[PDB]
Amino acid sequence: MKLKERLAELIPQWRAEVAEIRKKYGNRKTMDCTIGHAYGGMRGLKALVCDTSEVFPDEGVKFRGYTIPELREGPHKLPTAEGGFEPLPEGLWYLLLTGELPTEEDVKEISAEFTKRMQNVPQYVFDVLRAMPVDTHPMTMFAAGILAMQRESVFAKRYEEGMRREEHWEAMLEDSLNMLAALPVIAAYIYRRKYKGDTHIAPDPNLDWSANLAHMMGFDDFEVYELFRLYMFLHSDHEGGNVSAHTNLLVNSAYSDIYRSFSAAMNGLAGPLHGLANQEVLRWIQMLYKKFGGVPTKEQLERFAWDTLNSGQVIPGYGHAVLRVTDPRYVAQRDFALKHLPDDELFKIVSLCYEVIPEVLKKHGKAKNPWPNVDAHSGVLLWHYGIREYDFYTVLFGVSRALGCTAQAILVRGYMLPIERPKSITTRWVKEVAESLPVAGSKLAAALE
């Protein structure tokens, strides 16, 4: 398989580069660590490595250096489905791992690997899923199915057998192919059992990864196939620091296999502060429609935007801290909506927000970012095509994010990064030692080296 032959060349090299960097640049200072970091969820602390993707304040997220437009439309457009426009997540995955753009042949090889392996979900995984009460939250069901599949781990087996650290990345790759193939099967099972009368649809062997998930969920429509292709591409990866990504690396760093690390990641994504943003934006859009008996006027949205901001509150999916432009994941969803569902009423509200909400934020003068993120746009696309089960939105997110989490876990075992073991501190020590400590970026701080 092309991907694997290539990685067999790239990874020894990267491994050697990282060993040198660590040796020659390890004592290089990047920032001050503070009391506020320790009590403040490490916000801003550069404590982690991720090479798959990278957020730039002025451009948004990039995937191995390429922008979304380059891959979606521009001169480096990733392969599509036949007749398709949207990039195949399969191709992105080739990109995230190798840093090179795939050939049509490269994508086809990965599609075949995915389709084949999708037929190989153990029967016992379904037994595990049916044993859970049907009212269990779907993200609990999703994490449990994944974890039960740990029995098939090639990594865990070869580790018990004795393998060289140099083989880690290969076992991780095999496990990743298996797991990613399985994910839309496990997710669809959950969807069907919970929401569609416990009728089960087999994988179509002539559909790509993304399309098989819509199909098995019971949505056979070309637009849906495209939406899901775009969705999975967009939400694939967003650095290493978000809870789900970090959970994955953290558990990976102890040599736990991908079924253990990613299911752990999903218990993190299941958290209300991490995995619910899409849903809240959608519920808000729906609350605007019902409030104004329809799409509001330009004037009503401004007034309801001013009331909300002036009353201490925020507008969901707008004005996150980091970026200084519109999230390029937002832009690609807008372009999908305009093309495919422009007259949908909830879309019209989101559209109206893109005009109105940035103007009111600039005039309100607090947020250096007046622009939306990805979660502003995703919920209405799902609801339009009939995916209306809020709780399940996080599962779709989860299936996407596996692309990035698997890429990253393959890479860092290729690099042989060590176990994550930070130092914790006590409130006692802080209180004993606080006064004694220099303020950061201060003359005293400069004094103490």
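Residue numbers run from 1 along the displayed sequence.
Looking at mean Cα B-factors across 207 to 215 and 314 to 322, the upper value is held by 314 to 322. In this entry, 274 to 282 shows the higher mean Cα temperature factor of the pair 274 to 282 and 127 to 135. Residues shown: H238, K194, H246, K363. Highest C-alpha temperature factor in the entry: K363. Ranking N369, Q150, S256, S176 by Cα temperature factor from the entry places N369 first. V55: CA B factor in the highest third of modelled residues in this chain (values from the PDB entry). Split the chain's modelled residues into thirds by C-alpha temperature factor. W306 is in the highest one.
Sort the modelled residues of the chain by CA B factor and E82 lands in the highest third.
Ranked by C-alpha B-factor against the other modelled residues of its chain, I110 falls in the middle third. Sort the modelled residues of the chain by CA B factor and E226 lands in the middle third.
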